[PDB]
Ligand SMILES: [Mg+2]
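Numbering (the authors' numbering), first residue to last: 5 to 128.
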């Protein structure tokens with residue numbers, strides 16, 4: 005796992021964006037940027053050459069599931085591994101996210117410990 009991989013953190017609650025960001029900082033990943041909704045994350049991915057996406061699942065403008073779909077329908081972006089953040093792991097929403105092509109999921113609140121298992125798991 006390369007620690008200079010360009011990571012996009014997507015979440016509508018800015019405090020959550022900065023917590024995810026410091027957890028990634030504690031793990032060797034410092035190349036992080038932010039977006040507050042999928043509508044604002046999309047143009048960032050579209051032009052920014054990112055390597056990894058961490059997105060919230062429920063956002064007001066465009067949802068986590070709809071950004072993953074747009075990423076997956078975009079020829080240029082379809083190779084992007086996506087980790088989803090969710091308030092509780094309901095079986096039904098996860099299966100849906102799995103079917104939509106997400107790489108993994110993590111339930112909040114979470115720690116740097118969990119985050120890394122999730123990252124290792126995704127990258128295999
Ligand atoms: Mg949210």
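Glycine residues also receive a C-beta, built at the ideal position from the N, C-alpha and C atoms.
C-alpha distance - residue i paired with residue j, whole-angstrom precision
i           : j           : result
residue 113 : residue 34  : 21 Å
residue 40  : residue 111 : 19 Å
residue 94  : residue 109 : 11 Å
residue 53  : residue 64  : 25 Å
residue 127 : residue 91  : 23 Å
residue 84  : residue 106 : 9 Å
residue 104 : residue 37  : 24 Å
residue 70  : residue 56  : 17 Å
residue 79  : residue 49  : 12 Å
residue 115 : residue 19  : 15 Å
residue 97  : residue 22  : 25 Å
residue 60  : residue 25  : 13 Å
residue 7   : residue 125 : 16 Å
residue 77  : residue 9   : 22 Å
residue 47  : residue 82  : 14 Å
residue 117 : residue 17  : 22 Å
Beta-carbon proximity of residue i to residue j, cut-off 8 Å
i           : j          : result
residue 58  : residue 72 : no
residue 67  : residue 32 : no
residue 119 : residue 12 : no
Status (buried if at least 16 other CB within 10 Å, exposed otherwise) for residue i
i           : result
residue 101 : buried
residue 29  : exposed
Distance between beta carbons of residue j and residue i, contact taken as under 8 Å
i           : j          : result
residue 123 : residue 5  : 7 Å
residue 75  : residue 15 : In fact, because the Cβ distance is near 16 Å, the residues do not count as touching under 8 Å.
(request) Write down every uninterrupted run of the beta strand (DSSP E) in the segment 47-98 whose length is 3 residues or greater and which is fully enclosed by it, in chain order. (result) 56-60, 86-90
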